[PDB]
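Observations on the model geometry
This is what each chain is made of:
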Amino acid sequence: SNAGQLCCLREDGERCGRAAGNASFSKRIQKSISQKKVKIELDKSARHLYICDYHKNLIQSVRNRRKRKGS
Ligand SMILES: [Zn+2]
């Protein structure tokens, strides 16, 4: 019902394949993606806003993982 859907992101034209999780597609995530500059854009043919755990973790853990490397 609320967990039997699929991801609404396309990784290089690939409709993920992994089902949707508890996360939601927001602005912060969009901005996060833009910074990373990758081939991940929202699909407009969809009706819901729910991404998979895979993309959620992948996108969230790029601006929060370490705090020391060179500066
Ligand atoms: Zn996905």
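Residues numbered from 1 in each chain as written, not as in the entry; some residues may be left out. Heavy atoms only, no water.

What the entry reports as its method is solution NMR.

1. Regarding the overall build of the chain
Within the chain, the regular secondary structure consists of 2 helices and 2 strands. Walking the chain from its N terminus toward its C terminus, one meets helices and strands in the order β-α-β-α. Along the first, second and third principal axes, the C-alpha set of the chain runs to 45 × 20 × 20 Å. Classification of the 71 residues of the chain by burial places 24% in the buried group. Partitioning the intrachain contacts of the chain with sequence separation of at least 6 by distance along the chain shows that 68% fall at a separation of at least 24. In the structure as shown, the chain presents an accessible area of about 6,000 Å², 44% of it carried by carbon and sulfur atoms. Each charge class in the chain can be summarised by its mean position, and for the 18 positive and 6 negative side chains these summaries are 12 Å apart. (Helix = DSSP H or I, 4+ residues; strand = E, 2+ residues; numbered from the N terminus. Buried < 20%, exposed > 50% of the residue type's maximum accessible area, 1.4 Å probe, protein only. Contact = heavy atoms within 4.5 Å. Areas by Shrake-Rupley, 256 points an atom, 1.4 Å probe, with all protein chains shown as cover. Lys, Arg positive; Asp, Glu negative; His and termini not counted. Charge placed at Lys NZ, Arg CZ, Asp CG, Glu CD.)

2. Overview of the coordination of the zinc ion
Only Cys-7 (SG), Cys-16 (SG), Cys-52 (SG) and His-55 (ND1) from the protein coordinate the zinc ion, and they sit 2.0 to 2.3 Å from it. Coordination geometry of the zinc ion: the 4 donor atoms subtend angles of 95 to 121° at the metal centre, consistent with an arrangement described as tetrahedral. Positions of the donor residues of the zinc ion, expressed as sequence spacing, correspond to C-x8-C-x35-C-x2-H. Each member of the pair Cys-52 and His-55 is classed as buried. (Donors = N, O, S within 2.8 Å, 3.2 Å for Na, K, Ca; no water. Tetrahedral: all angles 85-135°; square planar, octahedral: opposite > 155°, others 65-115°.)

3. Remarks on the nonpolar core
One finds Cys-7, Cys-8, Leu-9, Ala-23, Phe-25, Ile-29, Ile-33, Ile-40, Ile-51, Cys-52 and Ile-59 forming the largest nonpolar core, which totals 11 residues. Dropping the residues within four chain positions of it, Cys-7 is found in contact with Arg-15, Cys-16, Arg-18, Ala-19, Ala-20, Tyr-50, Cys-52 and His-55. (Core = buried A, V, L, I, M, F, W, Y, C linked by side-chain atoms within 4.5 Å.)

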